[PDB]
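Quick heads-up: it's one chain on its own, the form deposited without this ligand, in structure tokens.
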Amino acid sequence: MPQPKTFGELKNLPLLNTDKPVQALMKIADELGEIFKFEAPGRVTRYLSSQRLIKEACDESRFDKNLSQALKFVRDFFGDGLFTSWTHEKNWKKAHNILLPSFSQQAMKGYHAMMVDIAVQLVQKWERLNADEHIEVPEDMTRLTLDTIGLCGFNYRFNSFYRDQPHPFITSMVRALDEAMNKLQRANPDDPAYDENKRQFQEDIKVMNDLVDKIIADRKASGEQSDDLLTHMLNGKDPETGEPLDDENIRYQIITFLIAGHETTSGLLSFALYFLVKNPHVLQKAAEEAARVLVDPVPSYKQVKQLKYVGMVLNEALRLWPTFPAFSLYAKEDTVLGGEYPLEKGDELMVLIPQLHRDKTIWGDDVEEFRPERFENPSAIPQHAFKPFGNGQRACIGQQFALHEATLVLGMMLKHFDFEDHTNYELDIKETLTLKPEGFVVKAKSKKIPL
């Protein structure tokens, strides 16, 4: 099995001593091919990049979701919430059953008005800019997505469009995530030189948990009938066990959904706008759809569902830069991968999604081009070829929520503004376990259509 360059003792671990480890792993995959072994002191994983192998890795009878070293580190604040639980922990299937109805078609229709509330605030912010003012794209997308999960999920207003600096929750979240990613390359993690990285980590976790405390208090003291995600956390009973979630798990779910429910969607929106301004004919086509479909002062649920090409734009952004770029699996039993690589029970795999999405045998030779038309007919895509939301019963519970929000917001953006790649931005992808453009700015000229 191919393996990248080694450093003695340290095997491959120093290759992760970079601020952009996923992009480093993509370059190694380009050099070595569909599979390569990656060793660190005391741990081994196999990175997969071809649909040929990943389709086998996605066979749930043979492989289950693994908690990578990264996920074990963030389990310090995510606990046994849905994202950082093993499939076999009792709280995983319990919470899965209790929370899945919060993502039904009926539930999604119920979120729509509150999604519009935040989307209108974004559109108003940009409409109120003066001439020559820049838009800081990932920053405003993070304002939008954080506020949206807060309102729709928890009837809580972060009011991020009322701040010029990031919300304190965001600052701590980013530092906690970046600390976890930085802890993966530490050859000796208990070295005393990291003892205030460890101080800072615990302070950031307390910041997040204090916010969780307020959301729970506000719900407790609220004289308004909510039927949202938090209602189901606090009241729903698992049909199989008949049990509700306990208080400690509820706290972990709130942190999990606040983070998971906004960060990757902010990345997606930022990548989508980047590719639109870099591809003016695609932008024109999407804008024509937005103008043709969005005929009312605010979008309806059904109109968002009719934004077909906008949806294709988003899937093509997720193809090139899936914002949660890798997921981990382990072998449930001894097995052979691809007729060629024997695995023992417990062996770990890493699915490198950006490389899967560049498999030329699936997509053709032009895999670096931004062409939403690849998604004209979703049924033409082979099984396990396009996996931005993970796999099987451990796939993303929020996929439809993210895509509805992103389609709504991008539709309104395209209806209301012309965009300019004002600074000829050179793509710079920041990594914090998730992917996002850094430093991406545009200018937006209003088409002066009232809200």
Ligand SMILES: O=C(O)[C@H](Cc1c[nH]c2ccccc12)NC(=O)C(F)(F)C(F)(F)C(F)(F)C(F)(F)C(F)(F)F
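One-based numbering along the sequence shown.
What follows is about the form solved in complex with this ligand, which we do not show.
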(request) Using a 4.5 Å heavy atom cut-off, indicate which stretch of 365-373, 277-285, 235-243, 324-332 touches this ligand in the bound PDB entry. (result) 324-332
(message) Just checking whether residue 423 would be counted as a contact of this ligand in the bound PDB entry - the rule being heavy atoms within 4.5 angstroms.
(response) no
(message) Would you classify residue 433 as touching this ligand in the bound PDB entry, given a 4.5 Å non-hydrogen atom cut-off?
(response) yes
(message) Can you work out whether residue 21 and this ligand are in contact in the bound PDB entry, taking contact to mean some heavy atom pair no more than 4.5 Å apart?
(response) yes
(request) Mark residue 407 yes when one of its heavy atoms lies within 4.5 Å of a heavy atom of this ligand in the bound PDB entry, and no otherwise. (result) no
(request) Please state whether all three residues 38, 70 and 184 have a non-hydrogen atom within 4.5 angstroms of this ligand in the bound PDB entry. (result) yes
(request) Could you spot which one of 337, 350, 116, 135 gets a heavy atom to within 4.5 Å of this ligand in the bound PDB entry? (result) 350
